[PDB]
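K.L.:
Before we start, here is the structure in question, set down as structure tokens.
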Amino acid sequence: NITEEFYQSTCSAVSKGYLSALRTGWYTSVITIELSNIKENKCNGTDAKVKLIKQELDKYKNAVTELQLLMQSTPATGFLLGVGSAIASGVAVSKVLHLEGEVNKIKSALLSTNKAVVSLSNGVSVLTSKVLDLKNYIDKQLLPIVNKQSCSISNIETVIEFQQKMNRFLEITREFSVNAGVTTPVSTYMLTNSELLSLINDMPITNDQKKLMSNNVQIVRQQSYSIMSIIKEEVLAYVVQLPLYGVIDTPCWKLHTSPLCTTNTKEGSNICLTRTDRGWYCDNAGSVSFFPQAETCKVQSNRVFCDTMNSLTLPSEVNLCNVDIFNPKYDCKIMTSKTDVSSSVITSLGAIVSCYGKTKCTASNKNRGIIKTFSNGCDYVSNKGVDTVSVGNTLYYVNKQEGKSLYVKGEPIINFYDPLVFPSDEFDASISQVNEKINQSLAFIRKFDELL
Amino acid sequence: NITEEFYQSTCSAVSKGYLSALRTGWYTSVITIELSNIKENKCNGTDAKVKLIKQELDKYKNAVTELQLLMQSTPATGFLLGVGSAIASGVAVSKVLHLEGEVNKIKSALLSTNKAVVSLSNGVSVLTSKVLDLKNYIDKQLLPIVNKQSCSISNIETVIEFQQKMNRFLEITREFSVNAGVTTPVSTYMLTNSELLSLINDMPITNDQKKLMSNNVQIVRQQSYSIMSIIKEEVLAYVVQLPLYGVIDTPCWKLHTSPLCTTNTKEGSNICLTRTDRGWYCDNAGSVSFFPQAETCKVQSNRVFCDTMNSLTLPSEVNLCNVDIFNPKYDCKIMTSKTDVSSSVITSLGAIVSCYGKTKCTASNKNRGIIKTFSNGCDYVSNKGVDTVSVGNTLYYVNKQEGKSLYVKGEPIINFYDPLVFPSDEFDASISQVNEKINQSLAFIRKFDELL
Amino acid sequence: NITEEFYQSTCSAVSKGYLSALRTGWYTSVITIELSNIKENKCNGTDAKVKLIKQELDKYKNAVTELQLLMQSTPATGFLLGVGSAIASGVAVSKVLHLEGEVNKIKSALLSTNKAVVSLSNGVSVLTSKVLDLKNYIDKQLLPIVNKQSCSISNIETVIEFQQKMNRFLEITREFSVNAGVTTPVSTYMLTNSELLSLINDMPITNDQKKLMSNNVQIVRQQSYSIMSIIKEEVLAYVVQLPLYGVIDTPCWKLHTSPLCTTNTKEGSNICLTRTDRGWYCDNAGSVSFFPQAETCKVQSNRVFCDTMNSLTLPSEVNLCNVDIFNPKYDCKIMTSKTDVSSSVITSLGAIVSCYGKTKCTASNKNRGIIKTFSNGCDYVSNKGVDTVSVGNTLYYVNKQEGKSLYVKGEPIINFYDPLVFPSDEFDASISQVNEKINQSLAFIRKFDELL
């Protein structure tokens, strides 16, 4: 389903067999945990069971005061990408929860059922859920024991039952403290698989997005956030910021670039060219979304998950950069220099190899050994036969993803540019920029020749 | 308390309502944990309690030898920032602890009280503390049981008591192994809240810094380090590198830049300008501290915490860059190019929006929907009315921090520069650099015209 | 054993007392854990022990289904470095394990002994091991209890024995879920010290590499990967990708660069020069390996561990850049600008200090206070006397590593270049590039003077 074409003219390759899943929104859900006020009780004794229960209660109290310590702390966590607050919706919902009666309203609403829809003070309604019931255990089967009337423990079963109806509050508090209240990815302790699926079921997305997020809950967790919101009264509420995917089943292709120099035998004076448009290109609505940072975009089988916050808006004519560089519809972006370095780029369905100078290049195999030797120039081999490629000192491994590969032979575009008037200081210039500079220099030389 | 002013001339905004807290030093404290030499004992049996105790002792021995495994391992963890060793003081204190009799001296000093001041071998005195007492349990209430004379366990209370007077050694050892001996931020297991506050109380800082670090212990942990130092004899010592704040209650302002191009209708030939001085500007003593990396600086309410290691020293005249770009006192830094891209910058008290070409721009609201439409040019709206802003394909969320915003209307400085002789290759140039280049080109053309 | 020489001509320093350990391959080993199919059993009761056992079994089932959730998820995790898949070998071994009968073959092979060599379906034989035996406990001492015939628990010893013959499956599953199936560094829970040493013993490396990796198992863990491979039948297999070091005991030196400007008293017109070749330089076979990213290379005492994937191949003549910049054998790389900034670089055996303009510079000591004051110009002091250095607003700490330092006095190379025709826009140019630009400008001026 994944097809790859390599263009020898620009030493770039694309993979147009991918399906898109772009995050175009945020969904906030409040998760509450009921707590108990046992700090007043101070049951103590020389008995081993009493000491163990006291230590467990001390750990619980430490966790509670350490969560309360985060209450007075605001939560917060290529060059043209810009900046943005990814957790802004979560902190807004937290601030809306910070008002006086919202805790009382959430308790009154959740006092009947586990999951309910609550209208907040700002007019925005968010789904609310209760995951843990610690009060129902402490105040009913532990509070009489901790009370000073008895201050005695019958058996170790009680302390183990407490540890197990706990340990989860402990891990949640530890994660909140380590991640300063903003934790990503959301762990299973913070939101288990069943509760996550239930929350996805009641989200107002459509059936296709529901199925997609149910089949990629790991990516959902990786693209989610959990922010500490309130610790007041006898409840603990933290907001989960689930992603919203509004772009479903649309074409996307990843573009890989490798530097292409000239084949001059001299050590110097070897001009070079490289394309500065690496990343994913997703189409959503009459335009192409550019994702320069490949780390923010995750690939699951044939489906790619990308974040629109770290994205750039480009016109639909950017696709012509792959077929015709000198097309007038769009201005392709290139980088110019003459550092004759040797390097190779590993692709999903192959490996672009371009070693220059006195650097060897071997495409080895796990059984037949070396099967291909590269000369001076851009080259590309599909992963059907070659398992790993070696460039000089390095030993790169080629991904063994199944698919089809295509080779588009063409004359390199660096052979059409005169090295005498070739600028080698461009960092983020374009084809039009380089053409204008070359024309300026050539016309300068022409007018000098005419004046002489 | 936070005020923001936006300048239309340079498409930059500042927020001068912040208070500074700069780290200008390091404080090292040694924390010791007593251990026991049970490796000689090999009590075993078919009883379930004996097997459980043996497994717990095996886990303890594994933790001990895994900490001893780190003994023979040295600990170690915009372009003009430079390099530096953040844990150099900690490794120096560790090396000073590595001498022969320092372990014996620390044991003799801490044998009486929990916290004491110890003069080291290098003449530097550091506060020392003992957080765990595992020897007092193992050698007094467990050693007779583990001894081969009995090799029998009366009840499961003993194994649970051991697990709980432990599990903390376990987590500490796991964190040390995961983080290669240098862990940051310091977890509550490594230094609890009470011990951290006690250590802050005896630090020789003044009352203001004491109160500030007591109210921001989360930031203190985030800016602290814990380095494994020694595992010898029957003690385990690791050094905690707490930050020292020598700059308290001084003005600081964060500056945000957005690219500003021309409003030409052509697809190309659209010159642009951007300021390359993003980051925080803190004044400490007759100078401004520049922090290009915003990740290293953390904001807590109206107080900002910054690290002087990743800082640059700038004269006090750098403030004039906000009011008068062409002031002769200081040379403002700008970036020149003509890639007409569309992007927006989210600010603390608003959002700077600058979309260019055929890219739409809407400032939506959670209740009234779209409330503002942006034309071609730099613009800025305060977060009082707009909740989220959308640029083309993206959907950015505006922070809802309370404050005041100001708009300073002015003619853009790109309208005063001729695009014909405008350089578009500058990456880290300045106003003087661009003026010199433009003057050179203009004088070149002038002298050609005079020669013809 | 570590010697450092500082060159005043280029304001760069080297440390040639290091020994190399380069990773030139990957070793994959399959680790299997036996599981049991208890999901059919649904023993329940009002007894406290029954409830505790049911909760433990529910936690085990949640861990199992959460590991099964990762089954349908492919695992995946200066400008001339290129890209590459570090876990490609691991995912290839996982795909080879994905075939039909490979699980049955691995079970049949491991049914007799703990560690055995297994020929895979692709013809590549990998060492296989079994670390946990959970089936031998559950199906023999727990299954009769969980069976509906009794559904009763005699004592809490059973549940504690289960928790302890577990908790490790729990931590492994939690780490796999947090790290999306690809975890690095490999924790001790995933591969303990004894099993790691045993695996190193049977690896086909030579004795020298065996000893080196046995003495640096922390670095081995830091440079290793653990990838979820299969969860089928009643076994759980995850592949460990250990590093292979094929370059042993070869010279390596780290090069540090600091900007060096002119000593002009004017605020502007102060040209500067900086070398853009920071990083480690390791020799392996007739060539020098360049590692621009210092984060990927770790230093252990006098031995440096580097990754060849993030490396560049350079000729052996690159060593001449340290002694003779203008040597014709190799073209040294420099950066040109005139931003007169003040900064210092902390070195292993000293600190290169270069502050320019009105910025103070003090080299303080822990006992004698300030011992040295720097004038305008590049300077370097060995860590023998100075403990910490201060540049303007900053307070940098100097590493106290023992060694020898050398000072090579020389005239700065910026004094040989005319500032009038000095280009100040070069980002990654070379000495030849700057010389060509200067010669072009000078010849242009010459021919103008001759024409006038």
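Following the order of the structure tokens, chains are lettered A, B, ..., residues in each are numbered from 1, and ligands are numbered from 1.
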Do me a favour and pick out the residues of chain B within 8 Å of chain A, using only C-alpha atoms, as a list in words.
P.N.:
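Close enough to count are residues 157, 160, 161, 164, 185, 187, 188, 193, 216, 218, 300, 301, 341, 342, 343, 344, 345, 346, 359, 392, 393, 394, 395, 396, 397, 398, 399, 400 and 425 of chain B.
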K.L.:
Near segment 434-438 of chain C, counting only C-alpha atoms, which residues have an atom at most 8 Å away, once you skip same-chain residues fewer than 3 positions from it, shown as a PyMOL selection string?
P.N.:
chain C and resi 421-423+429-431+441-442
K.L.:
From a DSSP calculation on the backbone, collect every residue of segment 104-321 of chain B in helix (DSSP H, G or I) and output the set as a ChimeraX atom specification.
P.N.:
/B:104-110,135-146,156-164,168-178,193-202,207-215,217-222,316-321
K.L.:
Enter the distance from atom CA of residue 316 of chain C to atom CA of residue 5 of chain C, in Å, rounded to one decimal.
P.N.:
19.5 Å
K.L.:
When you look at residue 19 of chain C with a cut-off of 9 Å (counting only C-alpha atoms), what residues show up, excluding the ones that are within fewer than 4 positions of it in the same chain? I need them as a ChimeraX atom specification.
P.N.:
/C:248-253,282,302-305
